[PDB]
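Engineer: What follows is a structure written as structure tokens; I'll ask about it next.
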Amino acid sequence: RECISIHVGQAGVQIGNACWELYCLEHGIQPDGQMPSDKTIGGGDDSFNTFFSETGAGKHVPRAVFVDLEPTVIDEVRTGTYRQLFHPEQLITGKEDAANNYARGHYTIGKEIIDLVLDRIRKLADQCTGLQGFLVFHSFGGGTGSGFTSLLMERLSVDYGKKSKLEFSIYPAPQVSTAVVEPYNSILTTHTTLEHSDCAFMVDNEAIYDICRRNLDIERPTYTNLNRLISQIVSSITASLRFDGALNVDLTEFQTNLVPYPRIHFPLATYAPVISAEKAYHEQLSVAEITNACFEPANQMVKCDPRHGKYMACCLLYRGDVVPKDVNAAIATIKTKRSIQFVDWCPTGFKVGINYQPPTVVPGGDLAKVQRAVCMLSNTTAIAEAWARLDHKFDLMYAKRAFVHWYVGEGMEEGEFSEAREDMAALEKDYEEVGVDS
Amino acid sequence: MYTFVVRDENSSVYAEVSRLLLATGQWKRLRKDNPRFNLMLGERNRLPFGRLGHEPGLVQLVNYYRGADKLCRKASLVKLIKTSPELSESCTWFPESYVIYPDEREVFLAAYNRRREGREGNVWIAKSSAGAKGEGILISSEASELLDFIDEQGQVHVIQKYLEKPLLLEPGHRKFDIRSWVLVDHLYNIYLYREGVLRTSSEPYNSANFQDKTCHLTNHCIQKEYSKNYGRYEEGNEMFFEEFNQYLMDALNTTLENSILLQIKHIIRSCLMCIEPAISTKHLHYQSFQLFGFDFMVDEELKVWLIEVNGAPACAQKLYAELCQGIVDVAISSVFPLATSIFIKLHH
Amino acid sequence: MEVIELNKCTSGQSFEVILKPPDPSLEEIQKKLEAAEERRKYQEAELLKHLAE
Amino acid sequence: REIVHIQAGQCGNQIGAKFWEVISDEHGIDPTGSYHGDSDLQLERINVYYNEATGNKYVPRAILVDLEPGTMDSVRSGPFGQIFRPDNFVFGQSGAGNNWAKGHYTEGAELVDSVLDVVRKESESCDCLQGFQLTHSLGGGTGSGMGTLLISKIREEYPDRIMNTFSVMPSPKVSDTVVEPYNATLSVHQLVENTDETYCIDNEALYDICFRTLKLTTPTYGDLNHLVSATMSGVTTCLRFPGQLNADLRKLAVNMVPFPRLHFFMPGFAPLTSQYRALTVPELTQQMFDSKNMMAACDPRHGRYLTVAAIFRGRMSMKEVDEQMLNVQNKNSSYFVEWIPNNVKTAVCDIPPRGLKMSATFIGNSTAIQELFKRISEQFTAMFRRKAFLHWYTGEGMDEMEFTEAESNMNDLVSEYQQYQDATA
Ligand SMILES: Nc1nc2c(ncn2[C@@H]2O[C@H](COP(=O)(O)OP(=O)(O)OP(=O)(O)O)[C@@H](O)[C@H]2O)c(=O)[nH]1
Ligand SMILES: Nc1ncnc2c1ncn2[C@@H]1O[C@H](COP(=O)(O)OP(=O)(O)CP(=O)(O)O)[C@@H](O)[C@H]1O
Ligand SMILES: Nc1nc2c(ncn2[C@@H]2O[C@H](COP(=O)(O)OP(=O)(O)O)[C@@H](O)[C@H]2O)c(=O)[nH]1
Ligand SMILES: COc1ccc(/C=C(\C)C(=O)c2cc(OC)c3c(c2)OCO3)cc1O
Ligand SMILES: [Ca+2]
Ligand SMILES: [Ca+2]
Ligand SMILES: [Ca+2]
Ligand SMILES: [Mg+2]
Ligand SMILES: [Mg+2]
Ligand SMILES: [Mg+2]
């Protein structure tokens, strides 16, 4: 049951790079594609084969497509450490980018490159015997990441109607953002993509930035830092697809376990522990401590306050030295001290998965090796706070029609702005209906 | 130069706070919608907590605790006291109360009948979190009239036992209530303003007539409006702690601290410590402080009863200057330092 | 506090702990993109007319 | 991401020449076009402004235009004169007599096609043309009249490419002829319609900086142009060197211009120089936002910032830069429009300009720029109400109506700036 990864725009590509580097480290795959521990040469249907195909010469090749409308970012993949991992058809670049303009990525340029992308994706699909769907990595804020991604999602729904689609989306933050129009792009892409995505993991760059500042003691985090952290979270989420396990073994299960209502499909991710490599000796956090840390806003991928929302589903994904008894003990403890309210029509429970292999880190990196870690995926109404933030920024510019002429000049209509914003307003109201009392 | 914004033009307390901040010369007020602020003096309703703490390079403070409404709405206060392990359902300082929707109707009726058969006093009061300024309150010893009154309204009500044996000030044989101001800062320290106020009735207490709600309702507005003896005994029907302590000494051979304030400090502590895990901002991306107004009754046994908690209290005029200065000292400058405490810190 | 559906294997295990019971077609996409392209073409045509003047 | 550079008229070619000297120096290109630098950062985006010729030579993608040959003879005689492509000198013999009509309609019209042939030749060899940048003055005839005509023709041939200008505004304080307000107003009229981004380089501000700050009693065009070189280097840094932003002219336009007409930028620079003590980042930031460092004679405290782009150059704490910039906005939050969140963007480049350990360059889209157009407008009106000096223009075939139209458009522009200066919530 294969899984295809699609990385769109700079954020999607660089995070993709980080993730596949990490995947290779975790499965014992070298930069040249060889995998010594793999005794079946030229094929097999092991778990890691969900993400890697095999050549007759024993090369293990990522089931991935990289797409960017300019070439500078993907060129670094082409000439980088893991260049031998990929075939050139997997790496697609145009000559000029979307200029931070959703409409330019979706309409003007998207129309010219979408079929090429679909063809390359189809080539990967043909290899698959039982494809389950796609993992799509992109920023909210970029012209390509927003516009082209939304176009691509529409077309993927058309060409693979059965398949599941999962999103990993970088929500825009003023600290590391690029464009002043990123709220616009975010609302436009969320509106166009909402029907076509089964489960979306938002990562607020603000949260990652502060985690890097606070716990890694990095004064001014770079994209490399952010991406190594993010890749740790992504690996936690996809480990169940790549390894033997019983929890979340196919893309459909993410939808089944985390999303009771289709529009409300943005689970909050929380990760612990994030410990600095520079710290020579560490106090190893116990199951109780990392599980408790999962309910601290300072460890969330999106800053918000789950105490003032309601849960619809909670998932705990441990890696390393963890046994069920310890988890149940810790959960017992945490219930009595924490504000954890579920909606009345959902069971108050946790789905737990434990992978015995402790997390892997990039050598000479900023993250320390720890003996146990946990990523919590919880669908809480609290994440609507992020939408409220974004929509407000949108409302501020749109009231004056600031920058709108750049979008209209690309063939988009002004009406799409208000259509998208109305959809977001509906989304917020949905969150409030599910989560708020009188 | 710190910056702040004002989003509640109706708050007397924070009008004064704002004035003081400006007068320090180190605070600048911005237009209410400018996001680049250090301090938000927020609006009473739908305060956008979700937008706080996302401004790079700005430590941000707001004058409200998200979640504190649980204490400051009557229905939700009843529910909180009845369902919180830390506050016994049998907790002794809160008057037997029931939440009724225009629901604990049958429960209330059951207790009521139990009281009727046992010859006991059965005078209850109906009040709406909805109702305001003494409007929508009914005191009756018949359940039927209360429920009829509630059903004619549109929002949730509470039926709570009337305290038929209140402590009466002499002369005048008159009722009163106690207002305490409590400031909770960003570290969740609990500061009780040393100065409380007694809001008194200027009419003789009459248990044979609960329809005349003048000597039954302490409310300053109600006394100022309907009482023709308003201000006869004390100015603005407000007695302060120096005089009240002296009265307790002369009349009952006891002090305000021993007979009453121990109980009050206990109740304040219990309530705030109860919800601390739910509303604390110690690890949040923004920080909260808030001024509360606790309102108490004292019965003839010198027992203290919590009546209600107010999330946006006004102050007694003569006290505005001091308290407000205190707010700037411990709640604001503590976070944003400028270039003999009036508060009792309630430890925990 | 009930543990259910415990599954084990050499690489790990999983279980559930309960604490309390309780699309547009291709043609339409093509039309959207072509409508946008057309609006771009109209705007450019207006510009080239203006420049010709 | 190639840029085609065009310089027209006397002013345009003099500041254009200094620009090429300065950035050639920064990229380690000697006057013969040979590379002799020490850092690969110098070459990574060298293509944005330079073509490669045989023998690993680098030749500016620059077109030199004039209606008389004097200044271009001066360029060819100059220090880096040998570096320019000989075929890319396009000049007439007649001149334009400081007359917009001659540049735009009569003298210039004859020479325009030759320029376009050279433009076409340069564009067609571009991997992916980013757009065009034009240097010129607005107060003369060639740079103003022919320059605007060139921009109009280029838009026609390349409607989908960005047009960027460095436009030098006239000032009575540094004046060649009385008709400069006519030429500038006519010019501004064209620029509002046909450019995406215009840097307003005000000769009044240059003179004032030279006189008051640099303590030069009698400023020459050499001195003013030293300021202009520094400013042009700064505002093209992000285009010329590897960075986090992936900077180009289209992203600049998209992010700086909230409304199509309001694309006239106020440049600024720090430190102002003609000491061996490098500035501290707080000093850089303070001076950078100071009215006395603005290259347009406008007081930013008399308006509000729509958007801002900042470039810090040199080895400095990026943390400290962030702190200082955030500090400026928070302290002065009043002067930044609240209906554009996060309207200030900062970039950093490790390579400092020559002779400085560190510098800061400022690009503001501020409503205060209206003061410049107002100033021109007043000077225009004073003459036009009596039709003074008009025969120079009507003798070239123009009608008064064209003047009236241009005056109206500029006044509207001023009204639009005021309109957004007053917008709230
Ligand atoms: N976490 C993280 N965020 C990134 C990264 N690269 C870009 N971003 C964020 O993405 C947003 C900008 O979108 P980009 O991905 O750079 O733009 P794009 O998708 O290539 O689209 P274009 O406009 O054509 O360049 C900003 O919010 C950046 O902070 C990255 O490598 N890691
Ligand atoms: N259970 C009770 N027993 C006796 N008296 C009571 C009572 N409940 C309320 N009262 C009287 O009614 C007065 C006002 O009641 P309550 O405080 O609930 O109304 P309110 O909230 O509109 C005024 P505030 O907001 O100032 O407290 C009290 O000051 C007290 O005199
Ligand atoms: N800053 C600056 N301004 C100049 C320079 N040369 C001319 N000017 C100004 O440009 C205007 C005259 O235009 P000019 O370029 O000489 O005429 P043109 O050749 O027909 O374009 C006047 O406002 C002069 O002050 C220069 O080298 N630097
Ligand atoms: C106010 O918000 C912004 C304002 C400007 C920009 C600029 C971008 C993305 C550039 O590409 C850019 C930046 C620049 O300097 C910061 C440039 C430039 C282009 O041309 C030369 O100087 C990005 C923004 O988010
Ligand atoms: Ca195999
Ligand atoms: Ca679908
Ligand atoms: Ca020809
Ligand atoms: Mg990009
Ligand atoms: Mg009240
Ligand atoms: Mg001249």
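Chains as they are written, first to last, in PDB author numbering: chain A, 2 to 439; chain F, 1 to 102, 126 to 362, 372 to 380; chain E, 6 to 27, 44 to 74; chain B, 2 to 42, 45 to 277, 282 to 360, 369 to 440. Quick reminder that beta carbons are idealized off the backbone N, C-alpha and C, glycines included.
By the three-class DSSP mapping on this structure, what secondary structure does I23 (chain E) have?
Structural biologist: To locate residue 23 (chain E), count along the third sequence from 1; it is residue 18. If DSSP states are grouped into helix, strand and coil, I23 (chain E) belongs with the strands.
Engineer: At 3 residues or longer, what runs of the beta strand (DSSP E) sit wholly inside the stretch 356-426 of chain A?
Structural biologist: Runs found: 373-381.
Engineer: Counting along the chain, where does the alpha helix (DSSP H) carrying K326 (chain F) start and finish?
Structural biologist: As a working mapping, residue 326 (chain F) is identified with position 303 in the second sequence. Run containing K326 (chain F): none; DSSP gives neither H nor E here.
Engineer: Give the secondary structure of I350 (chain F) by DSSP, where H, G and I count as helix, E and B as strand, and everything else as coil.
Structural biologist: As a position in the second sequence, residue 350 (chain F) is number 327, starting the count at 1. Note: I350 (chain F) maps to helix in three-state DSSP.
Engineer: List the residues of chain B that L54 (chain E) touches, going by C-beta distances under 8 Å, in chain order.
Structural biologist: Taking the first residue of the third sequence as 1, we reach residue 54 (chain E) at position 33. Residues of chain B passing the Cβ test: none, with the nearest at roughly 18 Å.
Engineer: Should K62 (chain E) be labelled buried (16 or more other beta-carbon atoms within 10 Å of its own) or exposed?
Structural biologist: Mapped onto the third sequence, residue 62 (chain E) falls at position 41. By the 10 Å Cβ count, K62 (chain E) comes out exposed.
Engineer: Below 8 Å CB to CB, which residues in the same chain sit around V9 (chain A) once its five sequence neighbours on both sides are set aside?
Structural biologist: Working through the first sequence from its first residue, we reach residue 9 (chain A) at position 8. Same-chain partners within the cutoff: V68, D69, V137, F138, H139, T145, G146, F149, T150 and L153.
Engineer: May I ask whether a heavy atom of ligand 2 can be found less than 6 Å away from the beta carbon of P95 (chain F)?
Structural biologist: Here residue 95 (chain F) is taken as the residue at index 95 of the second sequence, counted from 1. Answer for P95 (chain F): yes, Cβ within range of ligand 2.
Engineer: Is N10 (chain F) near ligand 9, with its Cβ less than 6 Å from a heavy atom?
Structural biologist: In the second sequence, counting from the first residue as 1, residue 10 (chain F) sits at position 10. Every heavy atom of ligand 9 is 6 Å or more from the Cβ of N10 (chain F), so no.
Engineer: Hey, quick one: how far does the beta strand (DSSP E) through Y202 (chain B) stretch, first residue to last?
Structural biologist: Sequence index remark: in the fourth sequence, residue 202 (chain B) carries index 199 (1-based). Looking at the DSSP string, the run of the beta strand (DSSP E) that includes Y202 (chain B) is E200 to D205.
Engineer: Run the proximity test for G143 (chain A): is its beta-carbon closer than 6 Å to any non-hydrogen atom belonging to ligand 8?
Structural biologist: On the first sequence, residue 143 (chain A) is found 142 positions in, with the first residue counted as 1. The answer is yes for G143 (chain A).
Engineer: Would you report the Cα separation of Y185 (chain A) and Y108 (chain A), rounded to the nearest angstrom?
Structural biologist: Position 184 of the first sequence, counting from 1, holds the residue named residue 185 (chain A). Position 107 of the first sequence, counting from 1, holds the residue named residue 108 (chain A). In a straight line, the C-alpha of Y185 (chain A) is about 15 Å away from that of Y108 (chain A).
Engineer: Would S12 (chain F) be called buried (16 or more neighbouring beta carbons within 10 Å of its own) or exposed?
Structural biologist: By one-based count along the second sequence, residue 12 (chain F) stands at place 12. Exposed, because fewer than 16 other Cβ atoms sit within 10 Å of the Cβ of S12 (chain F).
Engineer: I need the boundaries of the alpha helix (DSSP H) containing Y249 (chain F), first residue and last residue.
Structural biologist: The sequence position of residue 249 (chain F) within the second sequence is 226, counting from 1. Looking at the DSSP string, the run of the alpha helix (DSSP H) that includes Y249 (chain F) is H243 to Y249.
Engineer: Between the alpha carbons of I50 (chain E) and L157 (chain A), how many angstroms are there, rounded?
Structural biologist: Residue numbering aside, residue 50 (chain E) sits at position 29 when the third sequence is read from its first letter. Residue numbering aside, residue 157 (chain A) sits at position 156 when the first sequence is read from its first letter. Rounded to the nearest angstrom, the two C-alpha atoms are 12 Å apart.
Engineer: What does the alpha-carbon distance come out to for the pair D126 (chain F) and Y312 (chain A)?
Structural biologist: Along the second sequence, one-based indexing puts residue 126 (chain F) at 103. Along the first sequence, one-based indexing puts residue 312 (chain A) at 311. Answer to the nearest angstrom: the Cα atoms are 25 Å apart.
Engineer: Three-state secondary structure (DSSP) at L132 (chain B)?
Structural biologist: Residue 132 (chain B) sits at position 129 when you count from the first residue of the fourth sequence. It is a strand residue.
Engineer: Contact criterion: CB-CB distance below 7 Å. Does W407 (chain A) meet it with respect to chain E?
Structural biologist: As a working mapping, residue 407 (chain A) is identified with position 406 in the first sequence. So no, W407 (chain A) is outside the interface.
Engineer: How would you label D171 (chain F), buried or exposed, when you count the other beta carbons within 10 angstroms and need 16 or more for buried?
Structural biologist: Start at 1 with the first residue of the second sequence, and residue 171 (chain F) comes out as number 148. Exposed.
Engineer: Between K13 (chain E) and ligand 2, is there a pair consisting of the residue's CB and a ligand heavy atom that are separated by less than 6 Å?
Structural biologist: One-based indexing of the third sequence puts residue 13 (chain E) at position 8. Incorrect: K13 (chain E) has no Cβ contact closer than 6 Å to ligand 2.
Engineer: Given a cut-off of 7 Å, decide if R48 (chain B) and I165 (chain B) are closer than it, judged by their beta-carbon atoms.
Structural biologist: Locating residue 165 (chain B) in the fourth sequence gives position 162, counting from the first residue. Locating residue 48 (chain B) in the fourth sequence gives position 45, counting from the first residue. Their beta carbons are not under 7 Å apart, which means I165 (chain B) does not touch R48 (chain B) by this criterion.
Engineer: May I have the straight-line CA-CA distance separating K124 (chain A) from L117 (chain A), to the nearest angstrom?
Structural biologist: If you number the first sequence from 1, residue 124 (chain A) lands on position 123. If you number the first sequence from 1, residue 117 (chain A) lands on position 116. Rounded to whole angstroms, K124 (chain A) to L117 (chain A) spans 11 Å at the Cα level.
Engineer: For a test of the three-state rule: what should DSSP assign to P360 (chain B), helix, strand or coil?
Structural biologist: Counted from its first residue, the fourth sequence places residue 360 (chain B) at position 353. Residue state, collapsed to three classes: coil.
Engineer: Between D179 (chain B) and ligand 10, is there a pair consisting of the residue's CB and a ligand heavy atom that are separated by less than 6 Å?
Structural biologist: By 1-based counting over the fourth sequence, the position of residue 179 (chain B) is 176. Yes; taking the cut-off as 6 Å, the Cβ of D179 (chain B) has a heavy atom of ligand 10 nearer than that.
Engineer: Closest to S374 (chain B) by C-alpha separation, out of B:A397, B:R322 and B:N102, would be which residue?
Structural biologist: For the purposes of this step, residue 374 (chain B) is taken as residue 359 along the fourth sequence, with counting starting at 1. Ranking the options by Cα distance to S374 (chain B), first place goes to B:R322.
Engineer: Reducing DSSP to helix, strand and coil, say where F94 (chain B) ends up.
Structural biologist: Position 91 of the fourth sequence, counted from the start, is the residue given in the question as residue 94 (chain B). Correct three-state label for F94 (chain B): strand.
Engineer: Per DSSP, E168 (chain A) is paired with what?
Structural biologist: For the purposes of this step, residue 168 (chain A) is identified with residue 167 of the first sequence, where counting begins at 1. Answer is A:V137 and A:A201, bridged to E168 (chain A).
Engineer: Sort F:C297, F:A337 and F:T304 by Cα distance to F315 (chain F) and report the nearest one.
Structural biologist: Walking along the second sequence from the start, residue 315 (chain F) turns up at place 292. Per the Cα distances, F:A337.
Engineer: Could you check if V435 (chain A) is buried or exposed, using at least 16 other CB atoms within 10 Å of its CB as the buried criterion?
Structural biologist: Reading the first sequence from its first residue, position 434 is the one you call residue 435 (chain A). So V435 (chain A) counts as buried.
Engineer: Using a threshold of 7 Å, state whether the C-beta atoms of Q246 (chain F) and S225 (chain F) are closer than that.
Structural biologist: Position 223 of the second sequence, counting from 1, holds the residue named residue 246 (chain F). Position 202 of the second sequence, counting from 1, holds the residue named residue 225 (chain F). Yes; because the gap between Cβ atoms is below 7 Å, this pair is in contact.
Engineer: Assign residue 39 (chain E) to buried or exposed, taking buried as 16 or more other Cβ atoms, counted over all protein chains shown, within 10 Å of its Cβ.
Structural biologist: It's not possible to place residue 39 (chain E) here, given that chain E moves directly from 27 to 44.
Engineer: Does the beta-carbon distance from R243 (chain B) to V51 (chain B) come in below 7 Å?
Structural biologist: As a first step, residue 243 (chain B) must be located in the fourth sequence, where it is residue number 240. As a first step, residue 51 (chain B) must be located in the fourth sequence, where it is residue number 48. Yes; because the gap between Cβ atoms is below 7 Å, this pair is in contact.
Engineer: Got a sec, what are the start and stop residues for the alpha helix (DSSP H) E7 (chain E) sits in?
Structural biologist: Working through the third sequence from its first residue, we reach residue 7 (chain E) at position 2. Counting along the chain, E7 (chain E) falls outside any alpha helix (DSSP H), though it belongs to the beta strand (DSSP E) covering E7 to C14.
Engineer: Who sits around ligand 9, taking every residue whose Cβ is closer than 6 Å to one of its heavy atoms?
Structural biologist: With the cut-off at 6 Å, the residues found are F:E331 and F:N333.
Engineer: Residues in the stretch 281-311 of chain A with C-beta within 9 Å of chain F's C-beta atoms, listed in sequence order?
Structural biologist: Here the close residues are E297, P298, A299, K304, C305, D306, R308 and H309.
Engineer: Is the shortest distance between the beta-carbon of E74 (chain E) and the beta-carbons of chain B less than 7 Å?
Structural biologist: Here residue 74 (chain E) refers to the residue found at position 53 when the third sequence is read from its first residue. Cβ-Cβ to chain B under 7 Å: no for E74 (chain E).
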